[PDB]
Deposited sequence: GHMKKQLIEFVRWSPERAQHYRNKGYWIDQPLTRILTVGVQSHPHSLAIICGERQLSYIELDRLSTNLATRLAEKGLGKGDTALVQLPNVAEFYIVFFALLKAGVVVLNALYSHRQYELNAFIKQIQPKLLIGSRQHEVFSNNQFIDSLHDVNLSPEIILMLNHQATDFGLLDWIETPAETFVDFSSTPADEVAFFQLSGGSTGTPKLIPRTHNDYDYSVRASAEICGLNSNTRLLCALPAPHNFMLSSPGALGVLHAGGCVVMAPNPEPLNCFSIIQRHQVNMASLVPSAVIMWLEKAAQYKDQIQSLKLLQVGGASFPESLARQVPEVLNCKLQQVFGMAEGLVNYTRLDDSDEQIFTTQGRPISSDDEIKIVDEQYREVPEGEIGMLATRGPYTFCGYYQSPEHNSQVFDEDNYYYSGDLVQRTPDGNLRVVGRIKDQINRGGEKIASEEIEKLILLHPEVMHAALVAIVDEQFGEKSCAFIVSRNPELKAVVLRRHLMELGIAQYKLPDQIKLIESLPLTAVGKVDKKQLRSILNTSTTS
């Protein structure tokens, strides 16, 4: 009955973030609840041939939540989920939020080695995966867990075998009996994000802090009920989930449109079919798109905004976005640990093409420091340190590492090398180990 442990913000900071209206002390399910109230029949998710309305998304995740609760999974428990880019990812995410189960969403590209490390760290009582994934092709991996007393009490499979619990069965049919359930408290852990060498580290995220980042990002990117966002990056990634990502689009009442990956021809036909107007990519994928865009100009005309974040995205490449992809560019530099930066939609061309923008919050605090951790002269290159209303205060159960990446004032040192431009934005220039 003990809630998952995590490092808290100081009480003084928590109060300030409430006073400012950042933390409103609602669960992440707020997004769905409110949507169902306002526009139950608007499309929330488009996936292949399927069209899920807000109320359907709400019903289905409720069904699964009741099933999990009926089996005694709830507050204090954790879950490991590994699903590809399909509507079930969101159904499951909202079900676990509803049920009070703290969930770690593994990347679909993760393998037995990562999965094992995650299971060891969070002792999930629930595992959801897909039979089509390499790790669950056979029962080797699953059986291995019994050999080590880490077997989950419940295992659900997408593309299940006859003797499996079918994920779709637990979604489609509500439970026999009724057991009470509810989200974890808003200033407590909702789910684990993952850092992006060694296995990824677990980043506890509370409803308060995640919802804030989501609502504020949605406003910054001008999302609204007509937004149709392509989800071609991995759904669990902070960028694709919250920046502003699927949660942002749902917050704004719009629709998420799934793609398996950023392969251009498939993405282009999806964009044409559903008149997608927003997408989010990393530079290597922007380059793939640029290679075909001229020829498939007609298919992607509806794009109005493309976010680009990740690796190097030099100016000469950035300028090709409006020129070739025929949509506005927004640069994004963020981290699953918290801090996200966006170029604003009304920024100058220079800002948009040569910087990675500025923080979500007026209360995102930034230090740029030299080798002695003294703030460098304004405009010079330095190591990034940050804290704010949606930046974490430590990795899960990692006191040693935490002490090595936070300073006495609880600034987080992300290892990024950056400089502030005169205009006020940030330029990412490298990384330090």
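Participant: Walk along the deposited sequence from position 1 and note every stretch that has no C-alpha coordinates.
Facilitator: Seq positions lacking coordinates: 1-4, 201-202, 440-544.
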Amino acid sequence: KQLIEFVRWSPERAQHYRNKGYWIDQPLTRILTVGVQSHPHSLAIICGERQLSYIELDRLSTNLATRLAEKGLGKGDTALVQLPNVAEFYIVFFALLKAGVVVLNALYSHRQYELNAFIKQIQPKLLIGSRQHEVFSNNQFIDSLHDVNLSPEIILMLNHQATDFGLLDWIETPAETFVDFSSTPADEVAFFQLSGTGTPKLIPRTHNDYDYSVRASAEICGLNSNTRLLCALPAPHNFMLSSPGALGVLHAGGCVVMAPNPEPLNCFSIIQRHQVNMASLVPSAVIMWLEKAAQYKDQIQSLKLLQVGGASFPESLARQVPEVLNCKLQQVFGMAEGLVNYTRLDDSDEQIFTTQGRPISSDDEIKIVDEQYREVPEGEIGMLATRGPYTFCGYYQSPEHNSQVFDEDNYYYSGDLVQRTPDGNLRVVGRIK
From here on, numbers count along this sequence of modelled residues.
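Heads up, when I say rigid core I mean the largest set of C-alphas that superpose within 1.5 Å between the two forms.
Participant: Relative to the presented form, and with the rigid core used for superposition, do the C-alpha atoms of 311-319 or of 78-86 deviate more in 4 other deposited structures of this protein?
Facilitator: Clearly, after the core fit, the stretch farther away in 4 other deposited structures of this protein is 311-319.
Participant: Report the stretch with the higher mean CA temperature factor, choosing between 261-269 and 128-136 on the basis of the entry.
Facilitator: Higher mean C-alpha B-factor: 128-136.
Participant: Higher mean Cα B-factor in the deposited model: 207-215 or 295-303?
Facilitator: Per the PDB record, 295-303.
Participant: Between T163, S183, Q82, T355, which carries the biggest CA temperature factor in the record?
Facilitator: If I rank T163, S183, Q82, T355 by C-alpha B-factor, first place goes to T163.
Participant: Of the options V308, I171, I287, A246, which has the highest CA B factor as deposited?
Facilitator: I171 has the highest C-alpha B-factor of those listed.
Participant: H146: which third of its chain by C-alpha temperature factor?
Facilitator: Highest third.
Participant: Going by the recorded CA B-factors, say which third of the chain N410 sits in, lowest, middle or highest.
Facilitator: It falls in the top third of the chain.
Participant: What third of the chain does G74 rank in for C-alpha temperature factor, lowest, middle or highest?
Facilitator: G74: CA B-factor falls in the middle third of its chain.
Participant: Using only modelled residues of the chain, where does the Cα B factor of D187 rank: lowest third, middle third or highest third?
Facilitator: It belongs to the lowest third of the chain when residues are ordered by C-alpha B-factor.
Participant: Could you place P377 in the lowest, middle or highest third of its chain by Cα temperature factor, using the values in the record?
Facilitator: Tercile = highest for this residue's CA B-factor.
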